[PDB]
There are 2 protein chains.
Amino acid sequence: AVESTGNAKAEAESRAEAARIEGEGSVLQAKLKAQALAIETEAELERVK
Amino acid sequence: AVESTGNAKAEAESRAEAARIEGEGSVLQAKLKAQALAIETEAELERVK
């Protein structure tokens, strides 16, 4: 019981870790993507104007 | 009886463990996904506006 629960807990917490780093990393990368799209669509809107 | 119930209990608790880590991990990852979709659709709604 301790063995199977141990390994399953290990793989599961591994997925939780990957999910967390993917989480915050998605947050920051989406934020820089937000600034990028913002400045790009801004200059684009200007010159197109 | 103790043997079969023991092994079945082990595998079952293993599934419970995986279900729990999948649970909270789904919670946190869905939350970061929520912030990501929020900021992304926010900046998107702005520039599109």
# chains A, B, ... in the order shown; residues from 1 in each chain; ligands from 1
>>> residues_around(residues="residue 49 in chain B", least_positions_apart="3", cutoff="12 Å", atoms="only C-alpha atoms", output="compact mmCIF listing (two decimals) with N, CA, C and O atoms, in the first residue's frame")
# COMPACT_ATOMS: atom_id res chain seq x y z
N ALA A 38 0.27 44.81 -27.17
CA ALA A 38 -0.20 46.16 -26.89
C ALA A 38 0.61 47.19 -27.65
O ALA A 38 0.05 48.03 -28.36
N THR A 41 0.19 46.65 -31.58
CA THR A 41 -1.09 47.11 -32.11
C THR A 41 -1.22 48.61 -31.92
O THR A 41 -2.01 49.25 -32.60
N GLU A 42 -0.46 49.17 -30.98
CA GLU A 42 -0.48 50.61 -30.76
C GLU A 42 0.22 51.35 -31.90
O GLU A 42 -0.36 52.24 -32.52
N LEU A 45 -1.69 50.78 -35.03
CA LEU A 45 -2.90 51.60 -35.11
C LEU A 45 -2.53 53.03 -35.46
O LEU A 45 -3.28 53.71 -36.16
N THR B 41 -7.36 38.22 -22.42
CA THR B 41 -8.60 38.73 -23.00
C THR B 41 -8.79 40.19 -22.63
O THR B 41 -9.53 40.91 -23.30
N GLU B 42 -8.13 40.64 -21.56
CA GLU B 42 -8.21 42.04 -21.17
C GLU B 42 -7.43 42.92 -22.13
O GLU B 42 -7.97 43.89 -22.68
N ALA B 43 -6.16 42.58 -22.33
CA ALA B 43 -5.34 43.36 -23.25
C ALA B 43 -5.87 43.24 -24.67
O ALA B 43 -5.85 44.21 -25.44
N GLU B 44 -6.39 42.06 -24.98
CA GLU B 44 -6.95 41.82 -26.30
C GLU B 44 -8.19 42.68 -26.50
O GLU B 44 -8.36 43.29 -27.54
N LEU B 45 -9.03 42.74 -25.47
CA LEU B 45 -10.24 43.54 -25.56
C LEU B 45 -9.88 45.01 -25.69
O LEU B 45 -10.58 45.77 -26.37
N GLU B 46 -8.78 45.41 -25.07
CA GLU B 46 -8.37 46.81 -25.14
C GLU B 46 -7.90 47.19 -26.54
O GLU B 46 -8.43 48.13 -27.16
>>> interface_residues(of="chain A", to="chain B", cutoff="6 Å", atoms="only C-alpha atoms", output="PyMOL selection string")
chain A and resi 1+4-5+8+12+16+19+23+27+34
>>> write_last_selection(atoms="C-alpha atoms", output="mmCIF file, in the first residue's frame")
data_model
loop_
_atom_site.group_PDB
_atom_site.id
_atom_site.type_symbol
_atom_site.label_atom_id
_atom_site.label_comp_id
_atom_site.auth_asym_id
_atom_site.auth_seq_id
_atom_site.Cartn_x
_atom_site.Cartn_y
_atom_site.Cartn_z
ATOM 1 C CA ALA A 1 0.000 0.000 0.000
ATOM 2 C CA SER A 4 1.948 1.999 -4.688
ATOM 3 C CA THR A 5 0.604 5.095 -2.967
ATOM 4 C CA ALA A 8 1.555 7.302 -7.498
ATOM 5 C CA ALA A 12 1.136 12.944 -9.277
ATOM 6 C CA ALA A 16 1.434 19.124 -9.985
ATOM 7 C CA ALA A 19 1.365 22.253 -13.754
ATOM 8 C CA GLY A 23 0.992 28.003 -14.529
ATOM 9 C CA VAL A 27 1.123 33.971 -16.463
ATOM 10 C CA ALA A 34 0.215 41.261 -23.572
#
>>> decode(residues="range 2-25 of chain A", atoms="N, CA and C atoms", output="compact mmCIF listing (two decimals), in the first residue's frame")
# COMPACT_ATOMS: atom_id res chain seq x y z
N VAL A 2 1.83 1.29 0.92
CA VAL A 2 2.73 2.43 1.02
C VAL A 2 3.55 2.57 -0.26
N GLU A 3 3.89 1.44 -0.88
CA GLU A 3 4.68 1.49 -2.10
C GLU A 3 3.91 2.09 -3.27
N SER A 4 2.73 1.55 -3.54
CA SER A 4 1.95 2.00 -4.69
C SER A 4 1.47 3.43 -4.49
N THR A 5 1.02 3.74 -3.28
CA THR A 5 0.60 5.10 -2.97
C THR A 5 1.79 6.05 -3.03
N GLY A 6 2.97 5.54 -2.72
CA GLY A 6 4.17 6.35 -2.76
C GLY A 6 4.55 6.73 -4.18
N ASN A 7 4.59 5.73 -5.06
CA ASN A 7 4.94 6.00 -6.45
C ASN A 7 3.90 6.85 -7.15
N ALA A 8 2.63 6.54 -6.89
CA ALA A 8 1.56 7.30 -7.50
C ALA A 8 1.59 8.74 -6.99
N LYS A 9 1.92 8.91 -5.72
CA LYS A 9 2.05 10.24 -5.15
C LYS A 9 3.20 10.98 -5.79
N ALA A 10 4.26 10.25 -6.12
CA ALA A 10 5.43 10.88 -6.71
C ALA A 10 5.12 11.39 -8.11
N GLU A 11 4.52 10.53 -8.92
CA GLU A 11 4.19 10.91 -10.28
C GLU A 11 3.14 12.03 -10.29
N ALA A 12 2.21 11.96 -9.34
CA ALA A 12 1.14 12.94 -9.28
C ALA A 12 1.66 14.31 -8.87
N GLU A 13 2.53 14.33 -7.86
CA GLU A 13 3.15 15.58 -7.44
C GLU A 13 4.07 16.11 -8.52
N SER A 14 4.61 15.20 -9.33
CA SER A 14 5.42 15.63 -10.46
C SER A 14 4.54 16.39 -11.45
N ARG A 15 3.35 15.85 -11.71
CA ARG A 15 2.42 16.53 -12.58
C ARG A 15 1.95 17.85 -11.99
N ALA A 16 1.83 17.89 -10.66
CA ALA A 16 1.43 19.12 -9.99
C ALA A 16 2.52 20.19 -10.11
N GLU A 17 3.77 19.75 -10.07
CA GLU A 17 4.89 20.66 -10.17
C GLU A 17 4.95 21.24 -11.56
N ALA A 18 4.82 20.35 -12.55
CA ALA A 18 4.86 20.79 -13.94
C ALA A 18 3.68 21.71 -14.22
N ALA A 19 2.54 21.42 -13.60
CA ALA A 19 1.36 22.25 -13.75
C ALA A 19 1.56 23.62 -13.13
N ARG A 20 2.33 23.68 -12.04
CA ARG A 20 2.52 24.95 -11.35
C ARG A 20 3.51 25.84 -12.10
N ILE A 21 4.62 25.26 -12.53
CA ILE A 21 5.61 26.01 -13.29
C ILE A 21 5.01 26.44 -14.62
N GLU A 22 4.21 25.56 -15.21
CA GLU A 22 3.49 25.89 -16.43
C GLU A 22 2.50 27.00 -16.14
N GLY A 23 1.98 27.02 -14.92
CA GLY A 23 0.99 28.00 -14.53
C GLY A 23 1.58 29.39 -14.46
N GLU A 24 2.52 29.59 -13.54
CA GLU A 24 3.12 30.91 -13.37
C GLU A 24 3.87 31.34 -14.62
N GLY A 25 4.45 30.37 -15.32
CA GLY A 25 5.19 30.67 -16.53
C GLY A 25 4.23 31.13 -17.61
